[PDB]
>>> print(open('model-v3.tsv').read())   # TSV, C-alpha atoms
chain	number	residue	atom	x	y	z
A	1	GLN	CA	107.60	147.80	42.86
A	2	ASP	CA	105.48	144.63	43.08
A	3	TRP	CA	103.02	142.73	40.96
A	4	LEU	CA	99.89	144.13	42.61
A	5	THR	CA	101.09	147.65	41.83
A	6	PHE	CA	102.41	146.78	38.35
A	7	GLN	CA	98.89	145.68	37.42
A	8	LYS	CA	97.39	148.97	38.63
A	9	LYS	CA	100.06	151.00	36.84
A	10	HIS	CA	100.58	149.07	33.59
A	11	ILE	CA	97.62	146.81	32.64
A	12	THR	CA	94.60	148.26	30.89
A	13	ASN	CA	91.34	146.77	29.73
A	14	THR	CA	90.96	149.60	27.19
A	15	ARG	CA	93.36	150.95	24.54
A	16	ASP	CA	91.70	154.35	25.05
A	17	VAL	CA	93.23	155.10	28.43
A	18	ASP	CA	91.78	158.22	30.04
A	19	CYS	CA	95.25	159.70	30.48
A	20	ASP	CA	94.24	163.13	31.85
A	21	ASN	CA	92.24	161.43	34.61
A	22	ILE	CA	94.48	158.46	35.50
A	23	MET	CA	97.85	160.26	35.17
A	24	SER	CA	96.64	162.92	37.66
A	25	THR	CA	95.98	160.35	40.42
A	26	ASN	CA	98.41	159.65	43.27
A	27	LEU	CA	99.59	156.58	41.41
A	28	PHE	CA	101.39	158.78	38.80
A	29	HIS	CA	101.52	162.41	40.04
A	30	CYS	CA	101.23	163.89	36.52
A	31	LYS	CA	104.60	162.39	35.49
A	32	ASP	CA	105.79	162.63	31.83
A	33	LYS	CA	105.11	159.11	30.54
A	34	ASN	CA	103.46	155.84	31.42
A	35	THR	CA	103.01	152.69	29.30
A	36	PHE	CA	99.72	150.79	29.57
A	37	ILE	CA	99.51	147.21	28.24
A	38	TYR	CA	96.14	146.22	26.79
A	39	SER	CA	95.89	142.59	27.92
A	40	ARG	CA	94.39	140.33	30.49
A	41	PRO	CA	96.77	139.97	33.45
A	42	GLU	CA	97.57	136.23	33.12
A	43	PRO	CA	99.50	136.50	29.77
A	44	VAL	CA	101.36	139.44	31.32
A	45	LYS	CA	102.28	137.58	34.53
A	46	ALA	CA	103.34	134.64	32.35
A	47	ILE	CA	106.19	136.73	30.87
A	48	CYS	CA	107.95	135.90	34.16
A	49	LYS	CA	107.23	132.18	34.29
A	50	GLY	CA	110.06	130.36	36.10
A	51	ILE	CA	112.01	133.60	36.67
A	52	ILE	CA	112.62	133.83	40.44
A	53	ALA	CA	115.84	135.83	40.98
A	54	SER	CA	115.39	139.45	39.82
A	55	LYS	CA	115.92	139.60	36.06
A	56	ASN	CA	114.84	141.80	33.15
A	57	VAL	CA	112.84	139.87	30.54
A	58	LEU	CA	111.62	140.94	27.07
A	59	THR	CA	108.15	139.73	25.96
A	60	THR	CA	108.28	136.96	23.34
A	61	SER	CA	105.27	138.43	21.48
A	62	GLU	CA	104.18	142.01	20.64
A	63	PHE	CA	101.39	143.58	22.66
A	64	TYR	CA	99.01	146.48	22.14
A	65	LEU	CA	100.49	149.38	24.12
A	66	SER	CA	98.97	152.77	25.00
A	67	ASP	CA	101.38	155.48	26.13
A	68	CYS	CA	100.23	158.59	27.97
A	69	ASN	CA	102.82	161.22	26.95
A	70	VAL	CA	102.63	164.67	28.54
A	71	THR	CA	101.97	167.66	26.28
A	72	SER	CA	103.38	171.18	26.75
A	73	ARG	CA	100.53	171.65	29.20
A	74	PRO	CA	101.48	170.03	32.57
A	75	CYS	CA	99.31	166.98	33.35
A	76	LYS	CA	97.66	167.06	29.90
A	77	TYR	CA	98.45	164.13	27.66
A	78	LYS	CA	98.36	162.62	24.22
A	79	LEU	CA	97.58	158.93	23.95
A	80	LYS	CA	100.10	157.23	21.66
A	81	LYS	CA	99.18	153.70	20.46
A	82	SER	CA	101.77	151.19	19.35
A	83	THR	CA	102.21	147.43	18.88
A	84	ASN	CA	105.54	146.26	20.35
A	85	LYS	CA	107.40	143.92	22.65
A	86	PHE	CA	108.29	145.32	26.05
A	87	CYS	CA	110.59	144.53	28.92
A	88	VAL	CA	109.80	144.06	32.65
A	89	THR	CA	111.78	143.15	35.75
A	90	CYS	CA	110.68	139.67	36.84
A	91	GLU	CA	110.89	138.77	40.57
A	92	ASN	CA	109.32	135.64	42.00
A	93	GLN	CA	107.73	134.82	38.62
A	94	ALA	CA	105.95	138.20	38.30
A	95	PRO	CA	106.53	141.65	36.65
A	96	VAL	CA	107.39	144.24	39.34
A	97	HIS	CA	108.70	147.13	37.23
A	98	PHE	CA	108.22	148.30	33.63
A	99	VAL	CA	111.63	148.64	31.98
A	100	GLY	CA	111.02	149.86	28.43
A	101	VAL	CA	109.40	149.41	25.06
A	102	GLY	CA	111.08	147.42	22.28
A	103	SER	CA	113.85	145.88	24.37
A	104	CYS	CA	115.41	145.58	27.81
>>> encode(input="model-v3.tsv", output="structure tokens")
Amino acid sequence: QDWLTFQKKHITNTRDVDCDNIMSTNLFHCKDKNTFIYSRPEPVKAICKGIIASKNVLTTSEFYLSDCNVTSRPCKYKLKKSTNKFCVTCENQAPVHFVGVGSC
């Protein structure tokens, strides 16, 4: 919804995200999937450099991603690691919404 919240939801300083803990918090409410980006925040903000009006933008480089994907047991997850580009909505030169993996 905004860059402060995007960071909390989508930027990780570990590839080994503690899915079963974090996905259960009020930030996610045990939803099916969330993509975490293993990166410092500056390179991630910089995806949106010079993009002011709301626009979906695909990363120029691949990143290390960790997906928490729900198992058959509600709020219990598998961590799926991938290396890929991803797309975000840029508003006011910052990511405010995670669009998808691989493309916009």
>>> closest_residue(input="model-v3.tsv", among="A:39, A:61, A:26, A:34", to="residue A:78", atoms="all atoms listed in the file")
A:34
>>> residues_around(input="model-v3.tsv", residues="residue A:67", least_positions_apart="3", cutoff="7 Å", atoms="all atoms listed in the file", output="PyMOL selection string")
chain A and resi 33-36+79-81
>>> residues_near_point(input="model-v3.tsv", point="(99.8, 152.7, 30.8)", cutoff="10 Å", atoms="only C-alpha atoms", output="list in words")
residues 6, 7, 8, 9, 10, 11, 12, 15, 17, 18, 19, 22, 23, 33, 34, 35, 36, 37, 38, 65, 66, 67, 68, 69, 79 and 98 of chain A
>>> closest_residue(input="model-v3.tsv", among="A:45, A:24, A:40, A:13", to="residue A:97", atoms="all atoms listed in the file")
A:45
>>> residues_around(input="model-v3.tsv", residues="residue A:90", least_positions_apart="3", cutoff="8 Å", atoms="all atoms listed in the file", output="VMD selection string")
chain A and resid 48 51 to 57 93 to 97
>>> closest_residue(input="model-v3.tsv", among="A:14, A:71, A:21, A:103", to="residue A:89", atoms="all atoms listed in the file")
A:103
>>> atom_distance(input="model-v3.tsv", atom1="atom CA of residue A:101", atom2="atom CA of residue A:58")
9.0 Å
>>> atom_distance(input="model-v3.tsv", atom1="atom CA of residue A:104", atom2="atom CA of residue A:64")
17.4 Å
>>> atom_distance(input="model-v3.tsv", atom1="atom CA of residue A:62", atom2="atom CA of residue A:86")
7.6 Å
>>> closest_residue(input="model-v3.tsv", among="A:5, A:41, A:59, A:32", to="residue A:72", atoms="all atoms listed in the file")
A:32
